[PDB]
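Enquirer: have a look at this fold, sequence not included:
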Ligand SMILES: Cc1cc2nc3c(=O)[nH]c(=O)nc-3n(C[C@H](O)[C@H](O)[C@H](O)COP(=O)(O)OP(=O)(O)OC[C@H]3O[C@@H](n4cnc5c(N)ncnc54)[C@H](O)[C@@H]3O)c2cc1C
């Protein structure tokens, strides 16, 4: 028997549905949007206009739950950029020397990634996708949730969809607070770190030579400096295009005009690299800024009471800054925290209280890595009580500076760094006796004085057809 219901159809909803469908009978995915039968931009996912990094940890977790996604993505035009052999990033501590492949990423427009995860998840006959359907209230009481009360927007007919487990994958704009309040509970301990970052993405047609096999280029800010931090990223996607993304916090926001965007990429960031790489490229669209870039975590886990059958994961319990790129891996890791809680307790009481506390730990790494750098920015309003950001947050800032400073010129420290920053290990793995010893060993390669671009990569920026 057993029956689940997943609210939302995003990266979180599809993933958790592909894991639940192997643990229950029927999975009913509810959403209020129009899902397209073709990698097109959607209104429920407006982030799809800006590029989305899928780190290794989230990549091989999507692959585990959706076999055949990586190769299908890699066949539609997505690249498997290695790390740090396929990235030319100006870190806060210098240029990242391009060591051999330690971890990897998946670079593609979010519209494709959401599709390749959707059409692969919907291959199971038990998952029933229900589009254009608003959610009104949760069915049950304050001790057990039994389903949802939805209503179609095209017909207006109300109904009662019940299930043994209600999953909330309703993005950053999760009305969970409203749905829970009507159920009869208090408000969760809201915690947020608001740096005020302002995204600014604009597509770029890569040169004909650099359509395939081009490295993830980025110029990062110095979180130890007193200036408003501002980054700039140039990752390649499908169909031979380039996503150029600039960012900035409260005080150094990027402009809206197209003519000013090409300036911020080379006259606002700490190095004018990307601004030179976009002068080799054909602009397509305009600047489509997004301001919903504020780490916000709602600790449902520490509530005094929690109903049975209700689980919240994705961007509904913990959403983070997009300049670091952990949103998808935190959701993927959260799904595995529910799975690693469904095999122990089955469908017994305590599932919700144990799956929420497990989801709490799953995103804890994606919550420190995000906020630990944002707290040091100017005029950032933060409402947080965890001591790792208040007191003795200097030691947490004094060590991370050292690890990141050595990782630029030390393989062992780098291979252990991107195994954590790309959510592929734990924060305890950075206390390895062979990592603390490699930090004390010091740099092993000189700091590059120029962008560590390979000649066979820079030569891929011009067509060269105007010569005999
Ligand atoms: C600008 C930007 C850039 C980002 N960049 C990155 C990045 O580089 N790397 C990374 O890892 N993460 C990134 N993220 C985060 C990433 O988008 C999210 O972490 C991820 O989408 C989480 O999936 P989700 O299903 O929880 O939310 P979503 O993917 O947003 O899914 C929400 C779903 O719920 C539905 N829904 C919403 N409201 C309702 C409602 N009232 N009723 C019914 N259904 C509803 C929507 O239609 C949608 O299907 C970025 C986010 C933004 C905004």
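Expert: Received the coordinates, thanks. Residues are numbered from 1 along each chain as shown.
Enquirer: any chance you could list what contacts stretch 366-374?
Expert: By Cβ atoms under 8 Å, 6 or more residues apart in numbering, the surrounding residues in contact with stretch 366-374 are 193, 195, 197, 223, 249, 295, 297, 318, 320-321, 324, 326-327, 329-330, 333, 380, 382, 384, 388-389, 393, 396-397, 400, 420-421, 423, 427. Any C-beta I mention is one placed from the backbone N, CA and C, and that applies to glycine too.
Enquirer: ok, which of those residues also contact the ligand?
Expert: For the ligand, the contacts drawn from the contacts of stretch 366-374 by Cβ under 6 Å from any ligand atom are 326-327, 329.
Enquirer: so how far is the biggest helix by length in the chain off the chain centroid?
Expert: For the chain, the longest helix by residue count, based on DSSP state H, is helix 327-345. Remark: helix 327-345 is offset 15 Å from the chain centroid, using Cα atoms, centre = their mean, to the nearest Å.
Enquirer: what comes up buried for it?
Expert: Neighbour-count burial for helix 327-345 flags 327-339, 341-342 (criterion: 16 or more other Cβ atoms under 10 Å).
Enquirer: how about the residues of this structure by the ligand?
Expert: So far as Cβ under 6 Å from any ligand atom goes, the chain lies against the ligand at 8-13, 31-33, 44-45, 47, 50, 52-53, 134-135, 169-171, 173, 175, 199, 290, 292, 314-316, 322, 325-329, 331.
Enquirer: identify each of the helices in the stretch 151-300 of the chain and give its residue range.
Expert: Counting by DSSP state H, counting those that start in this stretch, one finds helices in the stretch 151-300 of the chain at the ranges 176-183, 258-267, 274-277.
Enquirer: touching the longest one from outside, list them.
Expert: This points to helix 258-267. By Cβ under 8 Å, 6+ apart, helix 258-267 touches 200, 202, 230, 232, 244, 246, 248, 254-255, 272-276, 278-279, 283, 286-287.
Enquirer: just the buried subset of the residues you listed, please.
Expert: 200, 202, 230, 232, 244, 246, 248, 254-255, 273-275, 278, 287.
Enquirer: out of the residues you listed, the closest to the ligand would be?
Expert: residue 200 (9.9 Å; Cβ to the nearest ligand atom).
Enquirer: list the contacts of the residue minimising distance to the centre of the chain.
Expert: Nearest to the mean C-alpha position of the chain, by Cα atoms, centre = their mean, lies residue 327 at 2.3 Å. Residues near residue 327 by Cβ under 8 Å, 6+ apart: 11, 52, 315, 319-320, 366.
Enquirer: check residue 102 too.
Expert: Contacts for residue 102 (Cβ under 8 Å, 6+ apart) come out as 82-84, 414-415, 418-419.
Enquirer: need these in JSON lines with secondary structure and neighbour count, can you?
Expert: Converted to JSON lines, these look like this (DSSP: H, G, I helix; E, B strand; the rest coil; neighbours: other Cβ atoms under 10 Å):
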{"residue": "82", "secondary structure": "strand", "neighbour count": "19"}
{"residue": "83", "secondary structure": "strand", "neighbour count": "27"}
{"residue": "84", "secondary structure": "coil", "neighbour count": "27"}
{"residue": "414", "secondary structure": "helix", "neighbour count": "26"}
{"residue": "415", "secondary structure": "helix", "neighbour count": "19"}
{"residue": "418", "secondary structure": "helix", "neighbour count": "22"}
{"residue": "419", "secondary structure": "helix", "neighbour count": "20"}
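Enquirer: would TSV of those with distance to residue 215 be doable?
Expert: Listed next are the contacts of residue 102 as TSV, based on distance: Cβ to Cβ, whole Å:
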residue	distance to residue 215
82	9
83	10
84	9
414	16
415	18
418	14
419	19
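Enquirer: just the strands in the stretch 251-400 of the chain please.
Expert: 282-283, 288-290, 295-299, 310-312, 318-319, 381-383 (DSSP state E, counting those that start in this stretch).
Enquirer: could you pull out the strands in the stretch 1-150 of the chain for me?
Expert: 3-7, 26-30, 52-55, 82-83, 87-91, 94-95, 103-108, 127-130, 133-140, 145-152.
Enquirer: for residue 100, grab the count of nearby residues.
Expert: 10 (other Cβ atoms under 10 Å).
Enquirer: can you tell me the closest non-neighbouring residue to it?
Expert: Nearest residue to residue 100 in three dimensions, chain neighbours excluded: residue 85, at 5.7 Å (Cβ to Cβ, 6 or more residues apart in numbering).
Enquirer: then residue 197?
Expert: Of all residues not flanking residue 197 in the chain, residue 293 sits nearest, at 4.2 Å (Cβ to Cβ, 6+ apart).
Enquirer: list the contacts for the residue of the stretch 151-300 of the chain found nearest the ligand?
Expert: The stretch 151-300 of the chain approaches the ligand most closely through residue 171 (3.0 Å), counting by Cβ to the nearest ligand atom. Going by Cβ under 8 Å, 6+ apart, residue 171 touches 8, 10, 12, 44-45, 314-316.
Enquirer: go again with 6 Å.
Expert: Shown in contact with residue 171 (Cβ atoms under 6 Å, 6 or more residues apart in numbering): 10, 315.
Enquirer: ok, residue 301 touching residue 357?
Expert: Yes: between residue 301 and residue 357 there is a contact under Cβ atoms under 6 Å: 4.8 Å.
Enquirer: before we move on, the earlier item: roughly how far apart are the residue nearest to residue 197 and residue 89?
Expert: From residue 293 across to residue 89, the span is 19 Å (Cβ to Cβ, to the nearest Å).
Enquirer: now do residue 101
Expert: Taken as Cβ to Cβ, the span from residue 101 to residue 89 is 15 Å.
Enquirer: one more: residue 26?
Expert: In terms of Cβ to Cβ, residue 26 sits 45 Å off from residue 89.
Enquirer: which of these two has more residues huddled nearby?
Expert: Comparing residue 26 with residue 89 by other Cβ under 10 Å, the one with more neighbours is residue 89, at 21 against 18.
Enquirer: ok, that one to the ligand distance?
Expert: 14 Å (Cβ to the nearest ligand atom, to the nearest Å).
Enquirer: specify the beta-bridge partners of that residue.
Expert: residue 218 (DSSP bridges).
Enquirer: surely it meets residue 216?
Expert: No: using Cβ under 6 Å, residue 89 makes no contact with residue 216, being 7.2 Å away.
Enquirer: would you map the helices across the stretch 351-468 of the chain?
Expert: Using DSSP H, counting those that start in this stretch, the helices of the stretch 351-468 of the chain run over residues 351-362, 364-374, 393-407, 411-421, 436-441, 455-458.
Enquirer: so which of those is nearest residue 148?
Expert: Closest of the helices of the stretch 351-468 of the chain to residue 148 is helix 351-362, at 15.2 Å (criterion: Cβ to Cβ).
Enquirer: packing partners of that closest one?
Expert: Contacts defined by 3 or more Cβ pairs under 6 Å, 6 or more residues apart in numbering; DSSP states H and E place helix 351-362 against strand 310-312, helix 327-345.
Enquirer: what is the orientation angle of it with strand 145-152?
Expert: Going by axes from the mean of the first three to the mean of the last three Cα atoms, to 10 degrees, helix 351-362 is angled at 80 degrees with respect to strand 145-152.
Enquirer: need the contact partners of helix 351-362.
Expert: Contacts of helix 351-362 (Cβ under 6 Å, 6+ apart): 300-301, 306, 308, 310-311, 313, 333-334, 337-338, 341, 345.
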